[PDB]
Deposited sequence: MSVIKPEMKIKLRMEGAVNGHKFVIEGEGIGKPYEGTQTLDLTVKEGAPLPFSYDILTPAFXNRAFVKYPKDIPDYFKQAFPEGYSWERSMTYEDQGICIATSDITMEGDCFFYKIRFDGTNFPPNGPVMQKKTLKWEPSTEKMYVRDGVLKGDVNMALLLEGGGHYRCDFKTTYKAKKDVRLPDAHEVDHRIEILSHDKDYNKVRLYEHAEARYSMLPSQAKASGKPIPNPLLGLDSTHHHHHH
């Protein structure tokens, strides 16, 4: 059902510290190799006054290299699809909430993404654009109340040297009942490959792989 090469089509609509925006995206990836690239274009609210880095993990857990000994909730969830709900709590009280509804027609995945953020200090690294990139991370996947969840301790590298912390809590929900996996981990590496001066056009890439915790 999930093809070796899958195209991506998306629209993100939201607001950060009251600044409304719309970003549409087109891309391609290799679900089985857990790699993807998106070409993102700002359609409304240009120029964005907050760091682009906060948005990137909202722009598909179907793009993960899953070992055969771990059930793949995301690929199994199709053709029907799945949705996700996420809260992103920053160390300085900035907070974002995002939802994504993921569908698929032929060889293309479609996402309708809603993204809202608030309480970012005007002099913080988000609003002042002091974020360089996200550190690679490990998402701990687990089941609660018969539903797939993912927690991740995220960190944005800052100009100057330090880290700026964010806690991600995602809830994943397939459109049909599908085999739920046992607790595992997804390693991630998200990077902006290129961008124009005000991030009106962004080339975004993610490489991710599933595995069990390497503790016996």
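Visitor: Tell me, which runs of residues in the deposited sequence have no coordinates at all?
Guide: No C-alpha coordinates exist for 1-2, 62, 220-245.
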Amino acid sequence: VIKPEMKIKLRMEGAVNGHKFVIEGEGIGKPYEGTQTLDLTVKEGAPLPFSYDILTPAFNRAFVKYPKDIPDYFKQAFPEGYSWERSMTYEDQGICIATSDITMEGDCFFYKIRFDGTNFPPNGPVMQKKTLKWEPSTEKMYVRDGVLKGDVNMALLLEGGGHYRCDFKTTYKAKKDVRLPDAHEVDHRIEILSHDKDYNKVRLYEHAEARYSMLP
From here on, numbers count along this sequence of modelled residues.
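Visitor: Pick between 123-131 and 85-93: the one whose mean CA B-factor in the entry is higher.
Guide: Per the PDB record, 123-131.
Visitor: Give the stretch, out of 94-102 and 107-115, with the larger mean C-alpha temperature factor in the deposited entry.
Guide: Higher mean C-alpha B-factor: 107-115.
Visitor: Return the residue from 167, 53, 26, 187 that has the highest Cα B-factor in the entry.
Guide: When the deposited C-alpha B-factors of 167, 53, 26, 187 are compared, 26 is largest.
Visitor: Among 152, 46, 64, 156, which residue carries the highest C-alpha B-factor recorded in the PDB entry?
Guide: Of the candidates given, the C-alpha B-factor peaks at 46.
Visitor: Determine, from the deposited record, the chain-internal third of the Cα B-factor for residue 171: lowest, middle or highest.
Guide: Lowest third.
Visitor: Select lowest, middle or highest to describe the third in which the CA B-factor of residue 193 falls within its chain in this entry.
Guide: As the PDB entry reports it, the C-alpha B-factor of residue 193 lands in the highest third of its chain.
Visitor: Tell me, lowest, middle or highest third: where does the Cα B factor of residue 80 rank within its chain?
Guide: CA B-factor rank for residue 80: highest third.
Visitor: Rank-wise, by C-alpha B-factor, drop residue 145 into the lowest, middle or highest third of its chain.
Guide: According to the entry, residue 145 has a C-alpha B-factor in the chain's highest third.
Visitor: State the tercile, meaning the lowest, middle or highest third, of residue 34 with respect to the CA B-factors recorded for its chain.
Guide: Tercile = middle for this residue's CA B-factor.
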